[PDB]
Amino acid sequence: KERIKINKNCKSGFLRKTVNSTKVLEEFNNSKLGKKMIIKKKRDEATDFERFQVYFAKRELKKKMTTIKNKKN
Amino acid sequence: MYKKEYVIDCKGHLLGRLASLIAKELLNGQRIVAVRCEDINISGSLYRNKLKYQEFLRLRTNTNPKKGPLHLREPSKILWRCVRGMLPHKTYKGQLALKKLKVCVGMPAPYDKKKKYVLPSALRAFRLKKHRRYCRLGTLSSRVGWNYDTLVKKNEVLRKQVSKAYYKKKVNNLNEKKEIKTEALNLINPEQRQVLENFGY
Amino acid sequence: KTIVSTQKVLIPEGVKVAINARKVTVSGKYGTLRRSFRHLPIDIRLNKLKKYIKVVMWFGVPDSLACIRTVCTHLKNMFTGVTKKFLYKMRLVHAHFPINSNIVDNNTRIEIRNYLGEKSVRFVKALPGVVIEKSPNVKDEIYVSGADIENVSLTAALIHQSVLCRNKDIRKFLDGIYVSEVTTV
Amino acid sequence: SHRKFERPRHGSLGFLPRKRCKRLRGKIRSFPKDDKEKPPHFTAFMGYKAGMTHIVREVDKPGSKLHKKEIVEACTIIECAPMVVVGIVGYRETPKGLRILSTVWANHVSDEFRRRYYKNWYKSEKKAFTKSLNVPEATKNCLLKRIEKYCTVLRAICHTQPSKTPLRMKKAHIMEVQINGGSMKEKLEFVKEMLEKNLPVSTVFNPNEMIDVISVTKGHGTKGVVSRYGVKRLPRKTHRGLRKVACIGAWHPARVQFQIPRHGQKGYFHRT
Amino acid sequence: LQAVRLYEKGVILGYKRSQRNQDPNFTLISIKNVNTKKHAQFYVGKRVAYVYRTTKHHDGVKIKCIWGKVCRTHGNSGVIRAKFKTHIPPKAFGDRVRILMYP
Amino acid sequence: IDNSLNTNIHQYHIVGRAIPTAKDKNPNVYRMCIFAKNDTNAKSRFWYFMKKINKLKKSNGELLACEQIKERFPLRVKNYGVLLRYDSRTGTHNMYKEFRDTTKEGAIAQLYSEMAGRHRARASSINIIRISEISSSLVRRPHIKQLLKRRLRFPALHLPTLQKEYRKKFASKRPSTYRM
RNA sequence: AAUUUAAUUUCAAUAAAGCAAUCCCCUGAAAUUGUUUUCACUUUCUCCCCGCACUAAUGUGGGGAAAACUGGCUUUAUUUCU
RNA sequence: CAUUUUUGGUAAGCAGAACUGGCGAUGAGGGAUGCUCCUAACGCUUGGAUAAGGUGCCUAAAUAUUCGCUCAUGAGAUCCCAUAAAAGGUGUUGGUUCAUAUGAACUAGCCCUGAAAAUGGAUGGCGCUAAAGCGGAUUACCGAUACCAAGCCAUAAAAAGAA
RNA sequence: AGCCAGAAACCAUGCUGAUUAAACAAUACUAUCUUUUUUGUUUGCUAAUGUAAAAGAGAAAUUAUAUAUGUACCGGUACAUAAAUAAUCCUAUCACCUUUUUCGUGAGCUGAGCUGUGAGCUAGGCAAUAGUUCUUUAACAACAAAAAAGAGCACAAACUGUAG
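Protein chains in written order, with the authors' numbering: chain AN, 78 to 150; chain AK, 1 to 201; chain AH, 2 to 186; chain AE, 2 to 273; chain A9, 35 to 137; chain AU, 5 to 184.
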């Protein structure tokens, strides 16, 4: 989606200066596709203990969430 | 593949590619239910396809049509025949692959309860240009007199409406599950909750 | 070939449009007309406030240019039709026999009798929304009117086709009912 | 090379195989088609051919050579004992054709009906339709409701009354009759009200009607080609026979081209 | 549940065919995850086990095993050649195989 | 570096001369630039031209220089005019074509692709006589004139393809053509 | 996955300076055998005028300016910011 | 029998020559199939990497990349090889000469017409049109008993030998 | 590009066959037998074994593709929401017994109380173990024994001759 307006003849210094100015990567990170990509990147790099911790956390959540489902009726 | 049954929604899929992908899977090993098979696309025009089917009808036998070829009229059987062409069906290995394939026009309801997959490279959109003529296989079959069409049209509509009622119920259920999950995310211990958030909840 | 081809299509003041996803709909004093263009893959966009439509094509070829010019002409006809119905005035020619034009079914089916003295009936029903009236003013004249130029013309063509002889010379025998004048109300 | 003189082929290819029918009872291939405006009514009837007579009839026939003058004509007489309806059939449309959902039966049946199922009526204990003697009326109603809701074609199971005849046979012929006319509900009401009654041909048909006739032909066993197909007979001089066959044909196909006339069954064929 | 599998799934395809020609020395293996030569190259030296069920008790049991090892690809989509200690049966084509995590 | 869009046709400046003899006490030295896929091909084309123009075959001459010629500004896109002699099935023709590209070598590859695709002309049957950078206003081809407009910003409008890893055999739901 | 010292008209930034504006690294178009000389060519999300929304467009068709941000050259240092 | 040169004969998978290579006397891999075309000549085995040739499926490898051109109401698709021409075409695509972005004239690319036969019927079949078509290019992968290394067998030659 | 009418041609319809579909549906009656649980299936026979594919065999919008789905108005209008689509979600793995508090659902008694089952919280000290890998027997289906519980046809023979 994002675009930055620049003069047509520009080279690497000006491109670096402009990218640093406009902070487009932050806009990308905020963007939903970017956000899906960065979440996936974390998941890809996650260690064995980290993987267990995600399992354990989801297990705690299901216990609490099911208890809330009991609560609601 | 690595699963008991692939069900394929064959609407919008191009004949040759759809057949080839199914065939290699059958050869690899897989039971495959081809579903919704009148809405398959041929890349030729309606007249051109009618001409081809005319040539197919013309092919018979002088001797005795009791020992002649089969001019199957079902759109599902047309796909089946094409897949058979893409198998070595006079072998045992080919026959076993042939037996693994199941074909159905429209959505049979026991396999509509099941999940439907698609073959993403094989869509009409995917490998054909917009400005070039094509023809739907059911339309062609109707042109050459298969004529079991209106019943399927009614059945598909009734199934689809129920599917809409199902989809809204599913959406209701998913929204409620999201709501309870978000509420009970607060109740998780902070560090564990932070980790679960980090990895995308 | 070209990257960009455009057209800017003027719209009359009274037109009530509803053209989403190339399913064009125009409504006006004489009717609501619907006409898909979804086989044609182009970016018609509406402008309500300052009127007009802008049609643009990406990556045009002369085929595409033909499509743009065709669509704009077709759209203009749709506007023209709803604002004022298209009237095809058909004169009935005969050099010998009275040919009897009896309009039945509330201006929907013209009965024709006696082409070349045949003593028999040709009934020719109209298409949806195309009225067949006769002229009070000129005895041979027949009014074929409706919101679409294509259906009225097709209706007129059906009437010509229905009449015409098998095998008595085309140069010699001139009799039959023909489209004289294409107008609107 | 081509034949010197042309001459139409002997017999119709379209009625191969020339073989015995698998039932004595006529078989309706197809029934009358949709007419929602018409009220529900029966489409068919079985009756027994008794013989032929001749008639004298007065003729109108405008502009005929005979015209006003009277004619003598051959005619057939068919004794028609009233058929009895005993069952209701509910069929539903599928892309594989019409399929029966269920059948609903009357609250009693004839001995003559039961005789058709038994091969040895004399030496049996006759236990057919005895668990199915009765069920709750609620069950019957549910089935009728179910059939109205889902079925799109209604047939009535009818049977002949051979006990009203001089014939040796005592087994009834049992038969489906499609009902053609209005809504499935209106049809269902019509069949239910009619059910246990007896139907005269006058209840089904009107005089002067044109009617389609479905029957198996008179037998003759296995016959020669001359008899079966009417080919021109062999010359006075032959090595062998005179009802003996013509040439079968070409070397190519290297097989008998099936369109050739052949010795085999003649009569006992199904015909409309 | 009670069992933990500790292998990855595969499908024993044919032997290492070429059009109308047979090499029975090398077997072709489909590994469920893989779809590239480069990804397949990760798993390249791994030990492979074909386990199969039989009619009678052999050494008191109705389960038997053939061992092999993966060794090189057979295409850009990562379908891999495996050499076994004895040839696997054509009867077992399209059956399942176990790809161990060692060495 | 690249092997995913790469052209291996390069330009070589080649210099050679006649061997000194009693007749040819002072030789004539000849230079030309030649576009080829390799140095042997470049030399053989240079030798063919030496044969076609002069009386000098490989035997009669000696090579002074062959060197690949270097792109001044590869990041800059430039307007190349190219002048051809080519052979058809039934005749020989001259033609002058325009290509906007980064470099002359890309243009020659494009030219061979164009002649092959549109005219069925193989590389062997084409001879480039001059390829050079020319002013933008002097181009005759509409497709290049369209690029040379002030504001260029078309919608992309092409199919996804990804790569082998994420080239899935089957899918749960149907793809998104628009991509936005 | 790399790696060594060469070779071959190969850069790009870094931040301070300068230099020229249809001008310049360039690239055009012109007056046996060498020269060499002429004027043609950048940007703009800057400003103005006409057409005032006239556009494919978060603008625009035509006509003019402005600058040197952009690019280009000369420097002075700097290279794991790049 | 084949390429090339070639004589007779309307021509001929016809008759007759020349040079060379094949087959005969020869497996093997490709040419969809095929004594002869192409690749290539062979003990028994293991492994490699390639050739001719392929890589939509049958059928092993790419629904690869990359630029063109191509829609056909009987398209087209690997030498030999199983038809095809003169001649047309306001189908589309490039060129080139003229005139005043339009009007001419030519030109060759594709496509169309020219283009009819005998069981039912043959791009090998299914199929393929954002090609799996035609013309290129870019790689990777697959691909032989040919190629390299290793073992073993026999044959040939050579070493060397009468605690 | 988009269309229309239009032939003894074409495909259905019609009609004939359909052990051409190694096809099938509905109905009727019947064979100490069916159903649930346990143990077994290392004189031609008389206890009895077979699986081409268990390993989380997990996953039901939809027309689409030069835009979709809801919601609100009258098949159209307006307003939201998807757009790496399985690159996602679901989902396992807190053995034990024993102390404590809550919620779902089944069963027995005369709505409710209790028990069972499923899910959690709270407290304790309690298990595993074969000397290094060569299947991790973990899946489906069938059968034999043992208990417990459930409920007559056809052919022939004579007769026929619409048949041969």
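Even for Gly, the Cβ is constructed at its ideal location relative to N, Cα and C.
Counting along the chain, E151 (chain AH) sits inside the alpha helix (DSSP H) bounded by residues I150 to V164. Straight-line spacing of the CA atoms in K177 (chain AK) and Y6 (chain AK) works out to 28 angstroms. Within the same chain, Cβ atoms closer than 7 angstroms to the Cβ of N12 (chain AU) are found at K41, the five residues on either side in sequence being excluded. Under the 9 angstroms criterion on CB atoms, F16 (chain AE) is classed as non-interfacial with respect to chain AK. Sequence-distant partners of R36 (chain AH) (beyond 5 residues in either direction) whose C-beta falls short of 7 angstroms from its own C-beta, in its chain, are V25 and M79. Distance from the Cα of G147 (chain AH) is smallest, within the candidate group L93 (chain AH), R123 (chain AH), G177 (chain AH) and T81 (chain AH), for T81 (chain AH).
Rounded to whole angstroms, the separation of the alpha carbons of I63 (chain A9) and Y86 (chain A9) is 16 angstroms.
Considering only beta carbons, the part of the region 123-140 of chain AK lying closer than 8 angstroms to chain AU consists of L123, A125 and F126, in chain order. Annotation: the continuous beta strand (DSSP E) that includes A69 (chain AU) extends over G65 to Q72. One alpha carbon belongs to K23 (chain AE), the other to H13 (chain AK), and they sit about 46 angstroms apart. Comparing alpha carbon positions, the residue from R8 (chain AE), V73 (chain AE) and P83 (chain AE) closest to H174 (chain AE) is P83 (chain AE).
Within the DSSP secondary-structure output, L62 (chain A9) pairs in a beta bridge with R115 (chain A9). It is roughly 28 angstroms from the alpha-carbon of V205 (chain AE) to the alpha-carbon of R147 (chain AE). Distance between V162 (chain AK) and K169 (chain AK), taken at the CA atoms: about 11 angstroms.
Listed by position along chain AE, the residues whose Cβ is nearer than 7 angstroms to that of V105 (chain AK) are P96.
Contact annotation: in the region 46-75 of chain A9, residues whose CB is within less than 8 angstroms of a CB in chain AK are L47, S64 and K66. In this structure, DSSP gives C68 (chain AH) a helical state, which the three-state scheme calls helix.
Distance from the Cα of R110 (chain AH) is smallest, within the candidate group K77 (chain AH), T156 (chain AH) and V83 (chain AH), for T156 (chain AH). Among the CB atoms of chain AN, none fall inside 9 angstroms of the CB of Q54 (chain AK).
For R183 (chain AU), no Cβ of chain AK is located within less than 9 angstroms of the residue's own Cβ.
By the neighbour-count criterion, in which a residue is buried when 16 or more other Cβ atoms sit within 10 angstroms of its Cβ, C10 (chain AK) is buried. Neighbours of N198 (chain AK) in chain AN, taken as residues at a C-beta separation under 8 angstroms, are given in chain order as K119.
Residues of chain AK whose Cβ lies closer than 8 angstroms to the Cβ of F133 (chain AN) are, in chain order, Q192.
Around the Cβ of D112 (chain AK), a 10 Å sphere holds 16 or more other Cβ atoms; the residue is buried. Neighbours of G128 (chain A9) in chain AK, taken as residues at a C-beta separation under 8 angstroms, are given in chain order as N28 and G29. If you check the CB distance, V86 (chain AU) and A111 (chain AU) come in under 9 angstroms. Excluding its 5 nearest sequence neighbours in each direction, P31 (chain AU) has C-beta neighbours in its own chain below 8 angstroms: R21, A22, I23 and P24, listed in chain order.
Within the region 103-189 of chain AE, complete beta strand (DSSP E) segments of at least 3 residues are found at 154-160 and 175-181, given in chain order. Residues of the region 79-91 of chain AN with a Cβ closer than 8 angstroms to any Cβ of chain AK: none. When Cβ pairs closer than 8 angstroms are counted between the two stretches, the region 42-52 of chain AE is seen to touch the region 162-177 of chain AE, the count reaching three or more. Per DSSP, reduced to three states, the secondary structure at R4 (chain AE) is coil, with no helix or strand assignment.
For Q15 (chain AU), not one C-beta of chain AH is nearer than 9 angstroms to its own C-beta. Neighbours of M114 (chain AN) in chain AK, taken as residues at a C-beta separation under 8 angstroms, are lacking, since the least C-beta distance is about 11 angstroms.
Under the Cβ criterion of 9 angstroms, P24 (chain AU) is not counted among the residues facing chain AH. Per DSSP, the continuous beta strand (DSSP E) segment holding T95 (chain AE) begins and ends at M84 to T95. Taken through DSSP and simplified to helix, strand or coil, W59 (chain AH) comes out as strand.
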